[PDB]
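Take a look at this single chain in structure tokens; it is the form deposited in one PDB entry.
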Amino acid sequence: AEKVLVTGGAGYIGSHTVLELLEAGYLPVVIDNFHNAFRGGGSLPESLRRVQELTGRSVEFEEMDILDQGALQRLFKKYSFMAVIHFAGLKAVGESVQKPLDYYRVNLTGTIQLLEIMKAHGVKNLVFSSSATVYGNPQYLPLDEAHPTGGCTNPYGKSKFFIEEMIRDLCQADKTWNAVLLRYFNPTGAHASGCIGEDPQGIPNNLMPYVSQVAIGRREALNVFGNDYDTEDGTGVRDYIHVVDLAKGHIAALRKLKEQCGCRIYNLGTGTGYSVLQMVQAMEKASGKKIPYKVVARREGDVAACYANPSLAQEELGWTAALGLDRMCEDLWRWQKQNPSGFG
């Protein structure tokens, strides 16, 4: 066994991770159902067509849904996987509140079925792409891996917590499993080529893609949800990690599995949070554009500040984020300007 399955590998973090896997000398097999990825003019998703050009290496790809048991069984019989990196899922928080059953079905049932097939095929090596929203509202900052988990405020976050708990119980029951749960906040930026990046369908949910679309002329003005928080400038402080650093952390996790590590949990991040206005300022600097905004009411449930402590990963995974705020913004801008409408 010598392939790495990457579920959801056509998406934002997955496509960057497939690139890093290829550059690191692994042999990926990617599956995706195109729920949130654009089709290319050939078989590959456009993101992965471009990854093949960027790396000079071929991407093995199957269009399939991880909810389809028969397809998943056939996949694991056809390929000999040594590990799985699991990105396939739904991840829009506001959508999760409106459509909880879809989130529980894709995220929970999808992951359970993946685990069941992995077990059946003796593939017991997993990197799970988790979320630091599993810590709930912060009780101390920065959040480290000892901080309590649970008490999530939306179905997305609850789904990620529930999956973590299931994996932890699986590993307790069977000490031959190795699983690395990676917790992080907001992936930002893009591969330095500007050829791939986050390609939101419709009006972006999140700050940075919205700000980039204001800068390019695609959107009127940003809404800033509250400026009366207990933060330096009154706007909320959040944690942003360059997607390339994040992708490299998934490769470091894959290496940790080879140590027969059992169940391990690591935060990934830079260790420093930024306010909404700090991100807007840095995007004006990178883009050379004004980014108008208006301050509106706080959203119910939003906390003043949340950011992660990446010290454990810096020791045990050998991983450090190299790319700071200006690089995140410069790389997002380059993707945006080179691809004003995204992939399509």
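Throughout, rigid core stands for the largest set of C-alpha atoms superposing within 1.5 Å between the two forms. Shifts are known only where both forms have a C-alpha. In case it trips you up, residue 1 is the first one in the sequence shown, and so on.
This next part talks about the form deposited in another entry, which is not shown.
Given a rigid core superposition of the two forms, which one of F81, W177, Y229, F162 has its CA shift by 2 angstroms or more between this form and the one not shown?
It is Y229.
Core aligned, does the CA of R57 move at least 2 Å between this form and the one not shown?
After core superposition, the C-alpha of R57 moves less than 2 Å between this form and the one not shown.
Superposing on the rigid core, is the Cα displacement of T272 between this form and the one not shown 2 Å or more?
It does not reach a 2 Å shift.
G262: Cα shift of 2 Å or greater between this form and the one not shown (core-aligned)
Not so; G262 is displaced by less than 2 Å.
Are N154 and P204 closer or farther apart at the Cα level in the other entry than shown, by 3 Å or more?
Relative to the displayed form, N154 and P204 draw closer in the other entry - a change of at least 3 Å between their C-alphas.
Would you mind telling me if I203 and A132 are closer or farther apart in the other entry than in the shown form, C-alpha to C-alpha, with a 3 Å or larger change?
Closer: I203 and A132 approach by 3 Å or more in the other entry.
Would you please work out which stretches of at least three consecutive shared residues show Cα displacements of 2 Å or more throughout between this form and the one not shown, after fitting on the rigid core?
Core-superposed, the runs shifting 2 Å or more come out as 201-206, 216-235, 292-302.
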